[PDB]
> 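Have a look at this one before I ask anything.
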Amino acid sequence: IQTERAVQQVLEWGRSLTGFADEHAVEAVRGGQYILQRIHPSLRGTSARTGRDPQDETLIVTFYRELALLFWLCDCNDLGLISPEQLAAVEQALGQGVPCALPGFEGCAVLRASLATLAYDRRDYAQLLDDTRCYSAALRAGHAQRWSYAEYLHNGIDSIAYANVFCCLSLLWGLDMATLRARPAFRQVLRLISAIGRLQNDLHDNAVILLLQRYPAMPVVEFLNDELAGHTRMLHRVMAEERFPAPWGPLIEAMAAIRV
Amino acid sequence: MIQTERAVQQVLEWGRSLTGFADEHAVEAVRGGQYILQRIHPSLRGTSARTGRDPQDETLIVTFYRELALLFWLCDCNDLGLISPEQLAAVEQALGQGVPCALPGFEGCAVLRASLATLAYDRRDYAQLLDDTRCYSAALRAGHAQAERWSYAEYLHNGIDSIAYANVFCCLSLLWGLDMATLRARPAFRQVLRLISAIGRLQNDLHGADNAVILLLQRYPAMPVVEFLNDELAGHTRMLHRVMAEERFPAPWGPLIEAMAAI
Ligand SMILES: C=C1CC[C@@H]2C(C)(C)CCC[C@@]2(C)[C@@H]1CC/C(C)=C/COP(=O)(O)OP(=O)(O)O
Ligand SMILES: C=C1CC[C@@H]2C(C)(C)CCC[C@@]2(C)[C@@H]1CC/C(C)=C/COP(=O)(O)OP(=O)(O)O
């Protein structure tokens, strides 16, 4: 599959989601192509064991649809694209992997049914449902926020959705994240790359704003930038000290620079 | 409960086998240790029938106090350069690997470590203590190494290890059979561990070796450093409270974490 075929396949499915915008499909495919391209070499290697082809169109489009779903949900929250009633119904459906009870959101059932069918290790599917609920809640709790930088960063780590991205990749290509999750070190890296992602976004409510409202005289911009530097170094140190199975090393690095 | 001065003397007797050990190390260890044991005493009484570990066992108590004195002494070895870099490295090897120290003047290390191994209710806790000892050691040196200054993030991550709460909890679990090795399998438990440790680190830096306050002030002179940290400390406390509520950890973990927050 090239690019517009993927974009159109994501867009076609998006028509079954009220509030879906073209950009949700376009940016999901662009970000998704970026990640898959950076981990391709590592993937084809594991392809021997799993039997999951890096170029499998079905797997690629499903991965892109999950990314589009994440972008769409974020806008639904930040921009009120759909009603609060609709959002609650959609989040309930996506979090349990069942059809939405309200009309105009058939895409939820389609995507989740697909993920269940394609899950290499079904434990990743349950984990994805879990990450979806966490994500939904972090978007809501953050929108409704008095917040300390610590609490902000803790919630932001879940609202950035990197955990969901990793879990979807594991689900489709059999990357055994369900097993790697048991290692405290892996969990640590997950938190760091996510915080990196959250800071990069807030810098590019939001961190900068939150700290400015509270500390008018604080160089919040440089501070937050040092924080980003700080987290990146800690990520590297742990990446070395620990040795994660392909394609996790290139994947984590890919996520760190997705600011391209 | 062994009398205070009798415990101090027992800690001091062992401490005499560590170059640079000072009376203060034993005295402060017994004071902090008694504070902790008194606050979790009712709980330990409750688990004693199951474990066979008596809250008033002098051997267990003195051993816990000696580990606390060890941590105080190590902090000073770094902070005041009581021993040479070569001697500190050898001490870290013995305490972090559980082997005899290759250099003379530190017999107390292998002695305390051997007692802990022998006394461990669940031997996993001993290996955990060795791990926590390595983290604590590395953190003391990293902090002291702190030129290119650390980010607040890097500081707190390191201060979480340098505060030694993990070590204290692990030693308690080893001695009184508190099943920390199993509880550590729960993500929520590991989170409260990082939380209570960050809390202890912030409180220490504010109340009264790189310091959070002097750190943020040298890099961000204009920012209201102290105000910020006090806000971050309240933030960690709120997070801790909610997790402790959501999750209902077996006794004595609730009282133990509560006691550390107030110490
Ligand atoms: C919109 C996005 C497209 C997909 C893309 C991938 C490929 C997953 C790589 C990471 C970035 C991204 C998810 C990208 C951005 C997603 C999104 C709009 C983030 C907005 O912030 P978020 O963490 O959702 O919380 P908040 O609502 O912004 O507070
Ligand atoms: C490890 C120590 C022994 C036990 C003691 C109790 C009894 C729990 C009371 C709280 C302190 C402590 C945990 C104590 C801590 C030793 C130590 C000096 C903690 C401060 O961190 P440290 O590594 O010294 O870095 P810094 O010098 O504060 O920058």
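Each chain gets a letter, A, B and so on, in the order its sequence line appears, and its residues count up from 1.
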> Which residues in residues 240-260 of chain A have a heavy atom less than 4.5 Å from any heavy atom of chain B?
none
> Is it true that atom CD of A:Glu27 has more than 12 heavy atoms of other residues, nucleotides or ligands lying nearer than 6.0 Å?
yes
> Quick one: pull up CZ in A:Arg237 and NE2 in B:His157 and give me the separation to the nearest 0.5 Å.
9.0 Å
> Are any of the side-chain heavy atoms of B:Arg194 and A:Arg191 separated by less than 4.5 Å?
yes
> Closest heavy-atom contact between B:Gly235 and A:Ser148?
CA-OG, 3.5 Å
> Report yes if the side chains of B:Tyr220 and A:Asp226 come closer than 4.5 Å at any heavy-atom pair, otherwise no.
yes
> Is it the backbone or the side chain of B:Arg190 that comes under 4.5 Å from a heavy atom of chain A, or both, or neither?
side chain
> Using heavy-atom distances under 4.5 Å, tell me whether A:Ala229 contacts chain B through its side chain, its backbone, both, or neither.
neither
> Report, by ascending residue number, the residues of residues 158-173 of chain B in heavy-atom contact with chain A at a distance under 4.5 Å; give 'none' if the set is empty.
none
> Looking at B:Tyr155, B:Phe228, B:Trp150, which has the largest count of heavy-atom pairs under 4.5 Å with chain A?
B:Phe228
> Where on A:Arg146 is there a heavy atom nearer than 4.5 Å to chain B: the side chain, the backbone, both, or neither?
backbone
> Report the option among B:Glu227, B:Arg184, B:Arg238, B:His236 that has the most heavy-atom pairs separated by less than 4.5 Å from atoms of chain A.
B:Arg238
> Within the side chain of B:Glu232, is there an N or O that forms a donor-acceptor pair under 3.5 Å with the backbone of A:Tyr149?
yes
